[PDB]
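Mapped onto the entry's author numbering, the consecutive letters of the sequence shown carry residue numbers 1 to 137. Cβ coordinates follow ideal geometry from the N, Cα and C atoms, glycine included. Below is one structure; the comments refer to it alone.
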Amino acid sequence: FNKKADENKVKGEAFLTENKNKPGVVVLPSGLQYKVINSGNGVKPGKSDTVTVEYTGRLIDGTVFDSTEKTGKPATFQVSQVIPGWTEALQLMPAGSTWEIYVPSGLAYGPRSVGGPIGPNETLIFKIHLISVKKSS
Ligand SMILES: CO[C@H]1C[C@@H]2CC[C@@H](C)[C@@](O)(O2)C(=O)C(=O)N2CCCC[C@H]2C(=O)O[C@H]([C@H](C)C[C@@H]2CC[C@@H](O)[C@H](OC)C2)CC(=O)[C@H](C)/C=C(\C)[C@@H](O)[C@@H](OC)C(=O)[C@H](C)C[C@H](C)/C=C/C=C/C=C/1C
């Protein structure tokens with residue numbers, strides 16, 4: 001079944017390679033890429049602050065394994081408990097601004113199939129809309 005690993009691997013290596021190149025996308029040294037769907041330039045949380053957002057998660061191949069923005073109902077996460085990719089992105093995503101981040105498998109759910117449809121060597125992407133921001137102290 002590792003055969004699939006190669007697909008996730010190639011599509012994924014191509015996904016990041018392609019995504020960083022895709023317009024609106026900004027790539028970082030960590031390999032994390034974010035695209036600003038809507039600029040808000042508002043507030044936003046630190047690694048320890050809490051955030052409120054809505055989002056849709058899918059595979060490089062379009063296999064949607066999770067969603068929330070579809071519902072449009074925000075979810076609360078602590079930047080410290082969120083996926084690594086998300087960890088930095090929220091801190092860079094201003095409130096009111098809607099971004100899309102493409103998280104390298106290393107910064108996402110792992111290089112292994114760590115999920116349902118999420119197969120071996122899967123790169124995951126999510127759409128992140130910032131509705132409200134908290135604060136640790
Ligand atoms: C894992 O299983 C997932 C289930 C699915 C997997 C697929 C993804 C699409 C999703 O649907 O969650 C999903 O919505 C999701 O993961 N999201 C939503 C979008 C941003 C945050 C991200 C995510 O889960 O970040 C976080 C990320 C998944 C956790 C790990 C971060 C490090 C990274 O290396 C790991 O890779 C695997 C994943 C989890 C969160 O959503 C937010 C921030 C964290 C919580 C609310 C905390 O409750 C959680 O923090 C971990 C905790 O473990 C606390 C302490 C204790 C409680 C009882 C346990 C919660 C467990 C949550 C587990 C979750 C949701």
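- request: In the DSSP assignment, find the unbroken beta strand (DSSP E) run with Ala-89 in it and report its ends.
  value: Residue mapping note: residue 89 aligns to position 89 of the sequence shown, counting from 1. First-last for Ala-89: 84-92, but that is the alpha helix (DSSP H), not the beta strand (DSSP E).
query: Taking Cβ to Cβ, would you say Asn-38 is nearer than 7 Å to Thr-87?
result: Here residue 38 refers to the residue found at position 38 of the sequence shown. Here residue 87 refers to the residue found at position 87 of the sequence shown. Not closer than 7 Å, so no.
- request: Could you say if the segment 107-124 and the segment 55-74 meet the contact criterion of at least three C-beta pairs nearer than 8 Å?
  value: Output reads yes: the segment 55-74 touches the segment 107-124.
task: Measure the beta-carbon distance from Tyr-109 to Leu-90 and round it to whole angstroms, keeping in mind my assumption that it falls under 8 Å.
output: Residue 109 sits at position 109 when you count from the first residue of the sequence shown. Residue 90 sits at position 90 when you count from the first residue of the sequence shown. Not confirmed; about 17 Å, so no contact.
- prompt: How about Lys-11 and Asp-61: are their beta carbons less than 7 Å apart?
  reply: Within the sequence shown, numbered from 1, the residue matching residue 11 stands at position 11. Within the sequence shown, numbered from 1, the residue matching residue 61 stands at position 61. Judged by their CB atoms, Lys-11 and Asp-61 are nearer to each other than the 7 Å cut-off.
task: For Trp-99, verify whether its CB is less than 6 Å away from any heavy atom of ligand 1.
output: As a working mapping, residue 99 is identified with position 99 in the sequence shown. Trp-99 has its CB no nearer than 6 Å to any heavy atom of ligand 1.
- prompt: Buried or exposed: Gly-72, going by 16 or more other Cβ atoms within 10 Å of its Cβ?
  reply: In the sequence shown, the residue the question calls residue 72 occupies position 72. Flag for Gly-72 reads exposed.
task: Please classify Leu-16: does DSSP put it in a helix, a strand, or coil?
output: Residue numbering aside, residue 16 sits at position 16 when the sequence shown is read from its first letter. If DSSP states are grouped into helix, strand and coil, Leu-16 belongs with the helices.
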